[PDB]
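Trainee: I am attaching a structure below and will ask some questions about it afterwards.
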Amino acid sequence: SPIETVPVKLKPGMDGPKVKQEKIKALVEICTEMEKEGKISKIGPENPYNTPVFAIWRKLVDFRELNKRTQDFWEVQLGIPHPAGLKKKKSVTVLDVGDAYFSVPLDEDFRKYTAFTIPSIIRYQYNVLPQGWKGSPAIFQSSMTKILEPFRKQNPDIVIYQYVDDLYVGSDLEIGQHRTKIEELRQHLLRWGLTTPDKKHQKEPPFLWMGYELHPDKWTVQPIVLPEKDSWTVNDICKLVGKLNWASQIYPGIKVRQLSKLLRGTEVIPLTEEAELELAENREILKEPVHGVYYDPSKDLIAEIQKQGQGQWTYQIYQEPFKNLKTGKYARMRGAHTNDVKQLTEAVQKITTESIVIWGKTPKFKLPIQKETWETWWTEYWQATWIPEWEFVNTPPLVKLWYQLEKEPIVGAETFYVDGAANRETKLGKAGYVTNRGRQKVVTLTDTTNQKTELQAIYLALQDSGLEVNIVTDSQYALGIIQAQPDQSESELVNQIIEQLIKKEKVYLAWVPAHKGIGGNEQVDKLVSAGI
Amino acid sequence: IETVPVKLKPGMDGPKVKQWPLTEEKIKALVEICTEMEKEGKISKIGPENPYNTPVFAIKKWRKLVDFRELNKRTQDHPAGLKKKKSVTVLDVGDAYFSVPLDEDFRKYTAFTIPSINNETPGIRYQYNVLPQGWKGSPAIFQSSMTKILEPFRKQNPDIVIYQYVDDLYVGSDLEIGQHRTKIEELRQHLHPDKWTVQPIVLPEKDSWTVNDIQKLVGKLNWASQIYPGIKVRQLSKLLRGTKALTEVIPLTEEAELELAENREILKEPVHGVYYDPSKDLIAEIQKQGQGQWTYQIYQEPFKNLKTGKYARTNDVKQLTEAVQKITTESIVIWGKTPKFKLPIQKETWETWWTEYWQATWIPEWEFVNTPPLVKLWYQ
DNA sequence: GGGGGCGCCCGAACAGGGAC
DNA sequence: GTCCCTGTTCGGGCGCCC
Ligand SMILES: [Mg+2]
């Protein structure tokens, strides 16, 4: 192929590989053909370099060390084309190039490093892009791009989705003219040395493309088969999760969180039976026939989110009701402590950034949160936070802050002065309080931290107080967490605190500087630091 | 023209920053713009054999913007007057930088990738053949020319000051409303710094004080003791002896009542003894005050504020982005450096949207803060 | 016993602030 | 500094694509 070569070097101070090794009769079969067609060349013992080979009718070379010594490349594949980004076309063809890499010449000054040797119980060089070499994918994609350009310029109103060596070509032409143009594209590729085998030329729907089934008006995924094991290794769940993540692009309401959390510090894992539920529910959903549609720029893009439960979210992007382009999910646990409004913000961000990639614009949102709640949270939150143009959609469970913190102290309510102290060598602590109505309490903790004792202190106060309470704390830490109004935490203690907060009618929390001989903060400190 | 050889710094390679997702209109615009820079020889197509990348985008006429922040950190290494003049104007003089070829040995470091809607196509990579708009070394190379280009204007008008920051040229004059505006125009053919007021610290004034009110007072004053040495909380703290309810009313003593007046006294003057060090890093901290109001302080060592202020005005992202540029602008005019910001926003929230509001030539460095709900109480 | 990309999840390693 | 804790990036497993 008349493609000009891409110049490639090793890294400045390094040398080629020198590694050494009955699939041998399989390998001589292949290599002899490859030489006949010029893909390789035999070399003599003068060439110092060698890299291992193996076969699995298919030959591949382990170029790990070569790759390590090869220059860095800027990868030109920035993502995966998605079906929901496809515009509706009258005529469509899917195409594949055969022997992609091997139709593309390597850098003559570099070929000597690709040296390999079929073993004894014959040495070669690569003349084209080897498979397993680090630079081949980028060099192919870049080359395919430059090869396709003259045709792209010539046929500006023909869409070619170009993924490695796979080609989707769509046009607004009638099936005859279109087939002519495909042929012209096929001839163009041959002149540049690229074969498109008829055996991989798809001329009628459904088109198999990029994992999908492309019909004329709708698209879908190719069948998904979940692994149904008796025992579950850590990997089987990772496999199962990934398969479920892939399904969630078009099957609505896929859930992964509970399956997900079974992997922590982790061999076989008992399915927590919260997991087998969501699995079983998932299995039910994959019995559903679902489909997506194609993209119309003359319409609005609309995302719509719902809460699946426990920081688990589902969305749908559509232009017309009941016909959604794509679906998806969000279930990331970001932060040690969080709440539903935070996560909805995060869900909005994921969808936004996903839409920019697929459609080149941001959707209009439909969210299950009242304009009020949002403005309330946006008020009480100290760091910047935002959501684009959105409608409220009455679709339970709505999104809410589960408790609120008073802005002013509660008159008459008991005032707790809480504090905690921990010794770093012994890891022994004390948490407790001193109140206006005369009450006093100190508990001791084993195996704790100073930040933990301050959380205990506050927890103490909420257990012992009545439905209303003012708390004064000298802890920047604890106040930071609680003023953010979490409803979920990694911390059991913060969770316990949360159940309490939900129960109060009113909580007011206030901060004071430590060690300034101030209020009962000195009193409770002395009780609590004693022994620490 | 002679190209001036440039290098990076010892033990440091070129930028390798991934391109980020772009709106269709920004891509469309960029692709339109890039072609003619290619057609005119200012940039030439490259491939993956070039291992470097710097992000690109477009702000709106569109204007190509290249985030050369990483390259700027990696490339080899001021009028007090401008800060003083009643009217200062800002010009876009980047296009000048294209008139100077760049050391071909260095061009590989200027590489960028145009992205593609729905990944229809791999990225299309380009390199710079001339001094790139927005790069640190561009002003350094084009300065000897620049001095020459406008010296007539400078000697024709000695009471007009001109300062250059990257693609930006700051031109300041004391002339009246309309004649500032017209001696600008013969520069294009060839914002006032003294309206910037320090935002003081203020204490609440009220007729009756509760335990809570005092606690909040003693907390704020305690913190202010770091910036202001003289401040005292001694008399106030003792009003809080014993464990009182928060709503209780506390009559102020004689001694506390004017310890407060004396505390109000200190905060009533300017902070002393803070001097800008060009060698040291310049920091800006921003806080959200609600109200559509934002407080900021610029400093080099903690509590040594070169300046404090307030940006006031709802879109939290847009407002913070707008605060960042207003603050940055100021810091150039006054010191000729941009500061590393500490931003009260989650990284991903900010990264999602800040480029839809940016309208400047430069980009400051920033990191993100997990901020105290406290320092909000300190600048009210 | 091979390569490149994107996504999702984890723990590990590191940065940074508060409190000693 | 330390410890603690919270945040982020990184690398590895899986998914999918070629
Ligand atoms: Mg204490």
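Residues are named by chain letter and number: chains run A, B, ... in the order of the structure tokens, numbers start at 1 in each chain, and ligands are numbered from 1 in the order shown.
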Residues contacting ligand 1 - anything with an atom at most 12 Å away, using only C-alpha atoms (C1' of nucleotides) and all ligand atoms - can you give me those as a PyMOL selection string?
Mentor: (chain A and resi 417-422+429-433+450-451+453-455+457+472-477+511-518+520-530+532) or (chain C and resi 19-20)
Trainee: Please return, as a PyMOL selection string, all residues of chain A lying within 7 Å of chain D when only C-alpha atoms (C1' of nucleotides) are considered.
Mentor: chain A and resi 164-165+210+235+238-239+242-243+246
Trainee: Output N, CA, C and O atoms for every residue in the selection just made, as a CSV table (one decimal), in the first residue's frame.
Mentor:
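As written to disk, result29.csv reads:
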```
chain,number,residue,atom,x,y,z
A,164,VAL,N,-11.5,2.4,13.9
A,164,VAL,CA,-10.4,1.5,13.5
A,164,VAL,C,-10.6,1.2,12.1
A,164,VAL,O,-10.6,2.1,11.2
A,165,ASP,N,-11.0,0.0,11.8
A,165,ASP,CA,-11.1,-0.5,10.4
A,165,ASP,C,-12.5,-0.8,10.0
A,165,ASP,O,-12.8,-1.5,9.0
A,210,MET,N,-20.7,-2.2,16.1
A,210,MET,CA,-20.1,-1.7,17.4
A,210,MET,C,-20.8,-2.3,18.6
A,210,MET,O,-20.7,-1.7,19.7
A,235,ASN,N,-13.9,-11.7,40.7
A,235,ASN,CA,-13.9,-11.4,39.3
A,235,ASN,C,-15.3,-11.7,38.6
A,235,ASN,O,-15.7,-10.9,37.7
A,238,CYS,N,-17.3,-8.6,39.1
A,238,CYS,CA,-16.8,-7.6,38.2
A,238,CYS,C,-17.2,-7.8,36.8
A,238,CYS,O,-17.6,-6.9,36.1
A,239,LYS,N,-17.3,-9.1,36.4
A,239,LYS,CA,-17.7,-9.4,35.1
A,239,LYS,C,-19.2,-9.2,34.9
A,239,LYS,O,-19.7,-8.7,33.9
A,242,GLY,N,-19.9,-5.3,35.0
A,242,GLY,CA,-19.6,-4.8,33.7
A,242,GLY,C,-20.6,-5.1,32.6
A,242,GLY,O,-20.9,-4.2,31.8
A,243,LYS,N,-21.1,-6.3,32.5
A,243,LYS,CA,-22.2,-6.7,31.6
A,243,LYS,C,-23.4,-5.9,31.9
A,243,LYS,O,-24.1,-5.4,31.0
A,246,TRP,N,-23.0,-2.3,30.8
A,246,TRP,CA,-23.1,-2.2,29.3
A,246,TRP,C,-24.6,-2.3,28.9
A,246,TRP,O,-25.0,-1.5,28.1
```
Trainee: Using only C-alpha atoms (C1' of nucleotides), which residues sit within 8 Å of residue B:202 once same-chain residues fewer than 5 positions away are excluded, as a PDB file with C-alpha atoms, in the first residue's frame?
Mentor:
```
ATOM      1  CA  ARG B 264     -14.095  47.851  66.212  1.00  0.00           C
ATOM      2  CA  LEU B 267     -10.555  46.599  62.255  1.00  0.00           C
ATOM      3  CA  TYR B 379     -15.934  38.119  55.792  1.00  0.00           C
ATOM      4  CA  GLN B 380     -19.761  38.422  56.067  1.00  0.00           C
TER       5      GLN B 380
END
```
Trainee: Taking only C-alpha atoms (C1' of nucleotides) into account, which residues of chain B are within 10 Å of chain D, as a compact mmCIF listing (two decimals) with N, CA, C and O atoms, in the first residue's frame?
Mentor:
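Saved result, part-v8.txt, follows:
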```txt
# COMPACT_ATOMS: atom_id res chain seq x y z
N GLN B 346 -16.74 21.88 43.77
CA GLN B 346 -16.19 20.58 43.45
C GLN B 346 -15.55 20.63 42.07
O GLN B 346 -16.02 21.35 41.20
N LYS B 347 -14.46 19.88 41.90
CA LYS B 347 -13.73 19.83 40.65
C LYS B 347 -14.60 19.55 39.43
O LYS B 347 -14.50 20.23 38.41
N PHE B 368 -8.87 23.15 44.13
CA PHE B 368 -10.22 23.18 44.68
C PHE B 368 -10.25 22.96 46.18
O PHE B 368 -9.56 22.09 46.70
N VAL B 369 -11.06 23.76 46.87
CA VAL B 369 -11.10 23.65 48.32
C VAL B 369 -12.33 22.96 48.87
O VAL B 369 -13.46 23.15 48.41
N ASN B 370 -12.04 22.12 49.86
CA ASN B 370 -12.99 21.51 50.78
C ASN B 370 -13.24 22.43 51.97
O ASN B 370 -12.94 22.08 53.11
```
Trainee: What residues in chain A lie within 8 Å of chain C, counting only C-alpha atoms (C1' of nucleotides), written as number ranges by chain?
Mentor: A: 60-64, 75, 77-80, 131-138, 238, 242, 245, 260, 263-265, 476-477
Trainee: Counting only C-alpha atoms (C1' of nucleotides), a student should be able to say which residues of chain B come within 12 Å of chain C; what is the right answer, written as an NGL selection string?
Mentor: :B and (48 or 118-119 or 122 or 367-372)
Trainee: Write the residues of the preceding selection, restricted to C-alpha atoms, as a PDB file, in the first residue's frame.
Mentor:
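Ended up saving to selection_8.pdb:
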```pdb
ATOM      1  CA  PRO B  48       0.565  10.292  16.818  1.00  0.00           C
ATOM      2  CA  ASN B 118     -19.868  11.222  18.613  1.00  0.00           C
ATOM      3  CA  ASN B 119     -16.309  10.139  17.826  1.00  0.00           C
ATOM      4  CA  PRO B 122     -10.273  10.134  15.356  1.00  0.00           C
ATOM      5  CA  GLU B 367      -7.077  24.038  42.729  1.00  0.00           C
ATOM      6  CA  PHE B 368     -10.219  23.179  44.678  1.00  0.00           C
ATOM      7  CA  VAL B 369     -11.095  23.651  48.322  1.00  0.00           C
ATOM      8  CA  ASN B 370     -12.985  21.511  50.783  1.00  0.00           C
ATOM      9  CA  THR B 371     -13.718  24.749  52.611  1.00  0.00           C
ATOM     10  CA  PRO B 372     -14.735  25.488  56.237  1.00  0.00           C
TER      11      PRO B 372
END
```
Trainee: Tell me which protein, DNA and RNA residues are within 9 Å of stretch 337-345 of chain B, counting only C-alpha atoms (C1' of nucleotides), leaving out same-chain ones fewer than 6 positions away, and put them as a VMD selection string.
Mentor: (chain A and resid 382 to 385) or (chain B and resid 165 278 281 to 288 298 317 320 324 327 to 331 362 to 371)
Trainee: Residues of chain B within 6 Å of chain A, counting only C-alpha atoms - could you list those as a JSON list (two decimals) with N, CA, C and O atoms, in the first residue's frame?
Mentor:
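Contents of out_11.json, freshly written:
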```json
[["chain", "number", "residue", "atom", "x", "y", "z"],
["B", 21, "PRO", "N", -14.12, 17.14, 26.16],
["B", 21, "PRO", "CA", -15.30, 17.23, 25.28],
["B", 21, "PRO", "C", -15.67, 18.65, 24.90],
["B", 21, "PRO", "O", -15.57, 19.54, 25.73],
["B", 23, "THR", "N", -18.48, 21.27, 22.74],
["B", 23, "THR", "CA", -19.75, 21.53, 22.10],
["B", 23, "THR", "C", -19.58, 21.53, 20.58],
["B", 23, "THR", "O", -18.49, 21.79, 20.07],
["B", 24, "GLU", "N", -20.65, 21.19, 19.85],
["B", 24, "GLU", "CA", -20.60, 21.19, 18.39],
["B", 24, "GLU", "C", -20.18, 22.53, 17.82],
["B", 24, "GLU", "O", -19.37, 22.60, 16.91],
["B", 48, "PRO", "N", 0.30, 10.84, 15.49],
["B", 48, "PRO", "CA", 0.56, 10.29, 16.82],
["B", 48, "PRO", "C", 2.04, 10.07, 17.11],
["B", 48, "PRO", "O", 2.35, 9.60, 18.19],
["B", 49, "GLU", "N", 2.93, 10.36, 16.17],
["B", 49, "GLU", "CA", 4.35, 10.15, 16.44],
["B", 49, "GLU", "C", 4.81, 11.30, 17.33],
["B", 49, "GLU", "O", 5.82, 11.21, 18.02],
["B", 51, "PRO", "N", 4.17, 12.98, 20.67],
["B", 51, "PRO", "CA", 3.61, 12.46, 21.91],
["B", 51, "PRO", "C", 2.99, 13.53, 22.81],
["B", 51, "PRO", "O", 2.57, 13.20, 23.91],
["B", 117, "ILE", "N", -17.56, 15.13, 17.22],
["B", 117, "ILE", "CA", -18.87, 14.78, 17.74],
["B", 117, "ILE", "C", -19.16, 13.30, 17.50],
["B", 117, "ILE", "O", -18.95, 12.77, 16.42],
["B", 118, "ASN", "N", -19.60, 12.65, 18.57],
["B", 118, "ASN", "CA", -19.87, 11.22, 18.61],
["B", 118, "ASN", "C", -18.71, 10.34, 18.15],
["B", 118, "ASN", "O", -18.91, 9.18, 17.80],
["B", 119, "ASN", "N", -17.50, 10.89, 18.19],
["B", 119, "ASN", "CA", -16.31, 10.14, 17.83],
["B", 119, "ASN", "C", -16.43, 9.49, 16.44],
["B", 119, "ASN", "O", -16.03, 8.36, 16.21],
["B", 120, "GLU", "N", -17.02, 10.26, 15.53],
["B", 120, "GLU", "CA", -17.19, 9.85, 14.15],
["B", 120, "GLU", "C", -15.84, 9.60, 13.49],
["B", 120, "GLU", "O", -15.71, 8.79, 12.56],
["B", 121, "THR", "N", -14.84, 10.30, 14.01],
["B", 121, "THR", "CA", -13.51, 10.37, 13.43],
["B", 121, "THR", "C", -12.52, 10.46, 14.57],
["B", 121, "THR", "O", -12.86, 10.96, 15.65],
["B", 122, "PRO", "N", -11.33, 9.89, 14.39],
["B", 122, "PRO", "CA", -10.27, 10.13, 15.36],
["B", 122, "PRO", "C", -9.97, 11.61, 15.40],
["B", 122, "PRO", "O", -10.52, 12.36, 14.58],
["B", 123, "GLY", "N", -9.14, 12.04, 16.35],
["B", 123, "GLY", "CA", -8.85, 13.45, 16.52],
["B", 123, "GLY", "C", -7.99, 13.93, 15.38],
["B", 123, "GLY", "O", -7.30, 13.14, 14.76],
["B", 219, "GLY", "N", -16.10, 34.35, 68.28],
["B", 219, "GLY", "CA", -15.52, 33.45, 67.31],
["B", 219, "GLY", "C", -14.92, 34.20, 66.14],
["B", 219, "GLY", "O", -13.79, 33.94, 65.73],
["B", 237, "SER", "N", -15.28, 37.18, 76.52],
["B", 237, "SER", "CA", -15.32, 35.77, 76.88],
["B", 237, "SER", "C", -15.83, 35.51, 78.28],
["B", 237, "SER", "O", -16.53, 34.52, 78.51],
["B", 240, "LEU", "N", -19.37, 35.01, 79.16],
["B", 240, "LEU", "CA", -19.78, 33.63, 78.97],
["B", 240, "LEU", "C", -19.18, 32.69, 80.01],
["B", 240, "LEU", "O", -18.58, 31.67, 79.66],
["B", 241, "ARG", "N", -19.29, 33.00, 81.29],
["B", 241, "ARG", "CA", -18.81, 32.05, 82.27],
["B", 241, "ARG", "C", -19.99, 31.29, 82.85],
["B", 241, "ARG", "O", -20.98, 31.88, 83.27],
["B", 242, "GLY", "N", -19.86, 29.97, 82.87],
["B", 242, "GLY", "CA", -20.94, 29.10, 83.29],
["B", 242, "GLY", "C", -21.57, 28.60, 82.02],
["B", 242, "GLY", "O", -21.18, 29.00, 80.93],
["B", 243, "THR", "N", -22.56, 27.74, 82.15],
["B", 243, "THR", "CA", -23.14, 27.15, 80.96],
["B", 243, "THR", "C", -24.55, 27.69, 80.71],
["B", 243, "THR", "O", -25.53, 27.09, 81.09],
["B", 244, "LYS", "N", -24.61, 28.83, 80.04],
["B", 244, "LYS", "CA", -25.86, 29.50, 79.71],
["B", 244, "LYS", "C", -26.61, 28.93, 78.49],
["B", 244, "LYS", "O", -26.00, 28.40, 77.56],
["B", 245, "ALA", "N", -27.93, 29.06, 78.50],
["B", 245, "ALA", "CA", -28.72, 28.81, 77.32],
["B", 245, "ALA", "C", -28.32, 29.80, 76.25],
["B", 245, "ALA", "O", -27.85, 30.88, 76.56],
["B", 247, "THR", "N", -30.09, 31.45, 74.05],
["B", 247, "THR", "CA", -31.02, 32.55, 73.82],
["B", 247, "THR", "C", -30.98, 33.62, 74.93],
["B", 247, "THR", "O", -31.33, 34.77, 74.69],
["B", 288, "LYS", "N", -18.06, 31.85, 48.99],
["B", 288, "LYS", "CA", -19.43, 32.14, 48.60],
["B", 288, "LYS", "C", -20.17, 32.71, 49.80],
["B", 288, "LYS", "O", -20.19, 32.10, 50.87],
["B", 316, "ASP", "N", -24.30, 30.17, 40.22],
["B", 316, "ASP", "CA", -23.09, 30.04, 41.06],
["B", 316, "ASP", "C", -21.83, 29.76, 40.24],
["B", 316, "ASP", "O", -20.77, 30.34, 40.49],
["B", 344, "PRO", "N", -13.99, 27.33, 45.86],
["B", 344, "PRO", "CA", -15.04, 26.67, 46.63],
["B", 344, "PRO", "C", -16.07, 26.07, 45.69],
["B", 344, "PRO", "O", -17.19, 26.58, 45.55],
["B", 345, "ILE", "N", -15.67, 25.00, 45.03],
["B", 345, "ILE", "CA", -16.55, 24.27, 44.16],
["B", 345, "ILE", "C", -15.93, 22.91, 43.97],
["B", 345, "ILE", "O", -14.71, 22.78, 44.05]]
```
Trainee: Work out how far atom CA of residue A:390 is from atom CA of residue A:374, in Å to one decimal.
Mentor: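 Between atom CA of residue A:374 and atom CA of residue A:390 the gap is 11.2 Å.
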Trainee: Run DSSP on the backbone and tell me which residues of stretch 100-165 of chain A come out as strand (DSSP E or B); list them as a ChimeraX atom specification.
Mentor: /A:105,116-117,123-126,128,159-163
Trainee: Could you turn the residues from that selection into a file that holds N, CA, C and O atoms, as a PDB file, in the first residue's frame?
Mentor:
```pdb
ATOM      1  N   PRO A 105       2.438  -0.194   5.900  1.00  0.00           N
ATOM      2  CA  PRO A 105       3.891  -0.305   6.063  1.00  0.00           C
ATOM      3  C   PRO A 105       4.420   0.317   7.343  1.00  0.00           C
ATOM      4  O   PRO A 105       3.976   1.407   7.734  1.00  0.00           O
ATOM      5  N   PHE A 116      11.741 -11.391  15.316  1.00  0.00           N
ATOM      6  CA  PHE A 116      11.313 -12.509  16.124  1.00  0.00           C
ATOM      7  C   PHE A 116      11.789 -13.807  15.500  1.00  0.00           C
ATOM      8  O   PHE A 116      12.317 -13.837  14.381  1.00  0.00           O
ATOM      9  N   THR A 117      11.563 -14.897  16.213  1.00  0.00           N
ATOM     10  CA  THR A 117      12.188 -16.158  15.823  1.00  0.00           C
ATOM     11  C   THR A 117      11.226 -17.292  16.065  1.00  0.00           C
ATOM     12  O   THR A 117      10.753 -17.454  17.200  1.00  0.00           O
ATOM     13  N   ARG A 123      14.327 -16.690  11.499  1.00  0.00           N
ATOM     14  CA  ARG A 123      14.100 -15.417  12.125  1.00  0.00           C
ATOM     15  C   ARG A 123      13.456 -14.476  11.134  1.00  0.00           C
ATOM     16  O   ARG A 123      13.814 -14.489   9.951  1.00  0.00           O
ATOM     17  N   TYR A 124      12.523 -13.651  11.619  1.00  0.00           N
ATOM     18  CA  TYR A 124      11.837 -12.686  10.759  1.00  0.00           C
ATOM     19  C   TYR A 124      11.855 -11.226  11.267  1.00  0.00           C
ATOM     20  O   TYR A 124      12.179 -10.959  12.418  1.00  0.00           O
ATOM     21  N   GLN A 125      11.492 -10.298  10.379  1.00  0.00           N
ATOM     22  CA  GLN A 125      11.256  -8.878  10.682  1.00  0.00           C
ATOM     23  C   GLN A 125       9.830  -8.534  10.272  1.00  0.00           C
ATOM     24  O   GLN A 125       9.307  -9.149   9.348  1.00  0.00           O
ATOM     25  N   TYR A 126       9.205  -7.544  10.897  1.00  0.00           N
ATOM     26  CA  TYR A 126       7.894  -7.113  10.409  1.00  0.00           C
ATOM     27  C   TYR A 126       8.094  -5.995   9.414  1.00  0.00           C
ATOM     28  O   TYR A 126       8.959  -5.151   9.618  1.00  0.00           O
ATOM     29  N   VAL A 128       5.181  -4.511   8.148  1.00  0.00           N
ATOM     30  CA  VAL A 128       3.961  -3.756   8.326  1.00  0.00           C
ATOM     31  C   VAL A 128       3.713  -3.592   9.815  1.00  0.00           C
ATOM     32  O   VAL A 128       4.547  -4.009  10.617  1.00  0.00           O
ATOM     33  N   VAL A 159     -21.886  10.437   5.269  1.00  0.00           N
ATOM     34  CA  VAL A 159     -21.346  10.239   6.604  1.00  0.00           C
ATOM     35  C   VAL A 159     -20.577   8.941   6.736  1.00  0.00           C
ATOM     36  O   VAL A 159     -21.129   7.851   6.562  1.00  0.00           O
ATOM     37  N   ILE A 160     -19.308   9.065   7.093  1.00  0.00           N
ATOM     38  CA  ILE A 160     -18.511   7.896   7.379  1.00  0.00           C
ATOM     39  C   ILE A 160     -18.075   7.904   8.818  1.00  0.00           C
ATOM     40  O   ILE A 160     -17.216   8.687   9.209  1.00  0.00           O
ATOM     41  N   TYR A 161     -18.677   7.018   9.593  1.00  0.00           N
ATOM     42  CA  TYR A 161     -18.218   6.731  10.933  1.00  0.00           C
ATOM     43  C   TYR A 161     -17.066   5.741  10.826  1.00  0.00           C
ATOM     44  O   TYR A 161     -17.200   4.664  10.253  1.00  0.00           O
ATOM     45  N   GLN A 162     -15.926   6.129  11.381  1.00  0.00           N
ATOM     46  CA  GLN A 162     -14.671   5.446  11.127  1.00  0.00           C
ATOM     47  C   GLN A 162     -14.082   4.950  12.413  1.00  0.00           C
ATOM     48  O   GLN A 162     -13.521   5.729  13.176  1.00  0.00           O
ATOM     49  N   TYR A 163     -14.206   3.657  12.669  1.00  0.00           N
ATOM     50  CA  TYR A 163     -13.720   3.143  13.933  1.00  0.00           C
ATOM     51  C   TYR A 163     -12.731   2.049  13.704  1.00  0.00           C
ATOM     52  O   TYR A 163     -13.125   0.940  13.388  1.00  0.00           O
TER      53      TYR A 163
END
```
Trainee: Which of stretch 136-333 of chain B counts as alpha helix (DSSP H) under DSSP, as an NGL selection string please?
Mentor: :B and (137-141 or 143-156 or 177-189 or 211-227 or 234-239 or 254-267 or 316-333)
Trainee: Residues within 9 Å of residue B:190, please, as a VMD selection string. Count only C-alpha atoms (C1' of nucleotides); anything in the same chain fewer than 6 positions from it doesn't count.
Mentor: chain B and resid 149 to 150 153
Trainee: Show me, as a VMD selection string, the residues that have an atom within 7 Å of residue B:170 when counting only C-alpha atoms (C1' of nucleotides), minus same-chain residues fewer than 2 positions from it.
Mentor: chain B and resid 88 to 91 162 to 164 168 172
Trainee: Go ahead and save the residues from that selection, with N, CA and C atoms, as a compact mmCIF listing (two decimals), in the first residue's frame.
Mentor:
```txt
# COMPACT_ATOMS: atom_id res chain seq x y z
N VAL B 88 -8.23 52.51 32.52
CA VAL B 88 -7.38 51.49 31.89
C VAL B 88 -8.18 50.60 30.94
N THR B 89 -7.68 50.46 29.72
CA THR B 89 -8.34 49.66 28.70
C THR B 89 -7.53 48.42 28.35
N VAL B 90 -8.22 47.37 27.91
CA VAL B 90 -7.57 46.11 27.59
C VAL B 90 -7.82 45.73 26.14
N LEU B 91 -6.73 45.42 25.45
CA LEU B 91 -6.77 45.09 24.03
C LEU B 91 -6.37 43.64 23.75
N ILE B 162 1.31 51.88 28.81
CA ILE B 162 0.97 50.63 28.15
C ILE B 162 1.72 49.47 28.79
N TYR B 163 0.95 48.45 29.15
CA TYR B 163 1.52 47.24 29.72
C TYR B 163 1.03 46.02 28.95
N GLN B 164 1.90 45.02 28.84
CA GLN B 164 1.64 43.83 28.06
C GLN B 164 1.64 42.57 28.92
N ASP B 168 -2.58 40.06 25.85
CA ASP B 168 -3.24 41.27 26.34
C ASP B 168 -2.33 42.48 26.38
N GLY B 172 -3.60 52.55 29.86
CA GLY B 172 -4.27 53.33 30.88
C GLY B 172 -4.06 54.83 30.74
```
